[PDB]
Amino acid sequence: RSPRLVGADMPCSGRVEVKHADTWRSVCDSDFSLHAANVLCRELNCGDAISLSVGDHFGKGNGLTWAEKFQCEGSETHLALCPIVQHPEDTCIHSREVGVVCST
């Protein structure tokens, strides 16, 4: 559940991608709370979250999109420690991949 931000002009902003096993997955913007964002920014040494950005703001990813969501409380040190839960019914397309801007 290793996270990275991809596609931004700086390391601390970009489209969210999180590794599971040997593949990376993006995260639908229907599925990602400000607390998951928070935890992500922290885990990445990027300060605290400023914004979640919709609509593949940093471009869209390709490949898998996470089918479970990270229901973080907010103070977890890693997304790994956040409880997970099923995505809502249907599927998302890459056009709704989520991104973040962390401060700092």
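Quick note: we count residues from 1 along the sequence shown, nothing fancier.
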>> Regarding 84-92 and 8-16, which shows the higher C-alpha temperature factor on average in the entry?
In response: 84-92
> Going by the entry, which third of its chain does the Cα temperature factor of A36 land in?
Replying inline: lowest
>> By the recorded C-alpha temperature factor, relative to the other modelled residues in its chain, which third is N62 in?
In response: highest
>> Quick check for you: using the entry's CA B-factors within this chain, is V27 in the lowest, middle or highest third?
In response: lowest
